[PDB]
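Tertiary structure, described
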2 protein chains.
Amino acid sequence: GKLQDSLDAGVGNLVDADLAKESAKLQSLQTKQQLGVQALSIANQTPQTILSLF
Amino acid sequence: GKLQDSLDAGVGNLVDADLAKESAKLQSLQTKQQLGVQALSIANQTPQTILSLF
């Protein structure tokens, strides 16, 4: 029984994620994706300024 | 018989926990873990304020 508990703990060490780090990485990637959407939205309009020249 | 009782008392003094202090240490460690998880929940979103600038 102790050996089975140790084997399950070893699978958990090999496999399980450190969820508390993911709790910060998730919000960081959310803000990063929002900034990337804003950056692409601003980049879409750069060529359009040429119309003002005409 | 007295000698075996003396060895049992000596092994107990060598190993036994001070449970009356362990109750206070546990009651303090619970509050410490709760303050630590709350501090991590505060720390997770401080970078997220950068979205307000954009």
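Residues numbered from 1 in each chain as written, not as in the entry; some residues may be left out. Chains lettered and ligands numbered in written order. Part of a larger assembly, values for the part shown. Heavy atoms only, no water.

Structure determination for this entry, per the PDB record, employed cryo-EM and reached 3.02 Å resolution.

The name given to chain A in the PDB entry is Flagellin, and the organism recorded there is Caulobacter vibrioides. Here the entry title, as the record gives it, is "Caulobacter crescentus FljL flagellar filament (asymmetrical)".

Helix and strand content of chain A: 3 helices and 0 strands. The N-to-C order of helical and strand elements in chain A reads α-α-α. Against the globule reference of 10 Å for 54 residues, chain A gives a C-alpha radius of gyration of 24 Å, more extended than a compact globule. Each principal axis of the C-alpha distribution contributes one length, and for chain A these read about 80 × 15 × 10 Å. For chain A, with 54 residues in total, the buried portion stands at 2%. Accessible surface computed for chain A: about 4,900 Å², of which carbon and sulfur atoms make up 62%. Taking the average location of the 4 positive side-chain charges in chain A and that of its 5 negative ones, the two points are 10 Å from each other. (Helix = DSSP H or I, 4+ residues; strand = E, 2+ residues; numbered from the N terminus. Rg over C-alpha atoms; globule rule 2.2 N^0.38 Å. Buried < 20%, exposed > 50% of the residue type's maximum accessible area, 1.4 Å probe, protein only. Areas by Shrake-Rupley, 256 points an atom, 1.4 Å probe, with all protein chains shown as cover. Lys, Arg positive; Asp, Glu negative; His and termini not counted. Charge placed at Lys NZ, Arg CZ, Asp CG, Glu CD.)

Before going further, it helps to examine the interface of chain B and chain A. Listed by partner, the interface residues are 7 residues for chain B and 9 residues for chain A. Buried area between chain B and chain A, both sides added, is near 690 Å², and the carbon and sulfur share of it is 59%. The largest contributions to the chain B side of the interface with chain A come from B:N44, B:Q48 and B:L51, which together make up 65% of the buried area. The tally of links between chain B and chain A comes to 0 salt bridges. Linking chain B with chain A are 2 residue pairs in polar contact, by the criterion used here. Here the side of chain B that touches chain A is composed, by residue class, of 4 nonpolar, 3 polar and no charged. (Contact = heavy atoms within 4.5 Å. Buried area = accessible area lost by both parts, 1.4 Å probe. Salt bridge = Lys/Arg side-chain N within 4 Å of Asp/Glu carboxyl O. Polar contact = N/O pair within 3.5 Å; in protein donor to acceptor, adjacent residues only side chain to side chain. Nonpolar A, V, L, I, M, F, W, Y, C, P; charged D, E, K, R; others polar.)

Let's shift gears to a nonpolar patch on the surface. All names here are of chain A. Judged by side-chain polarity, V11, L14 and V15 come together as a nonpolar surface patch covering roughly 340 Å² of accessible area. Position of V11 among the secondary structure elements: in helix α1 (residues 2-15). For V11, a relative accessible area of 48% translates into the label partly exposed. (Patch = residues over 30% accessible without salt bridge, like charges linked within 9 Å, V, L, I, M, F, W, Y side chains within 5 Å.)

Our next topic: the side chain of A:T31. Mapped onto the fold, A:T31 is located in helix α2 (residues 19-44). Looking at A:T31, the relative accessible area reads 11%, which means it is buried.

Residue and element names in this part refer to chain B. Along the polypeptide, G36 turns up in helix α2 (residues 19-43). The exposure class of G36 is partly exposed, given its relative accessible area of 36%. In sequence terms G36 and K21 are 15 residues apart; their C-alpha atoms lie 22 Å from each other.

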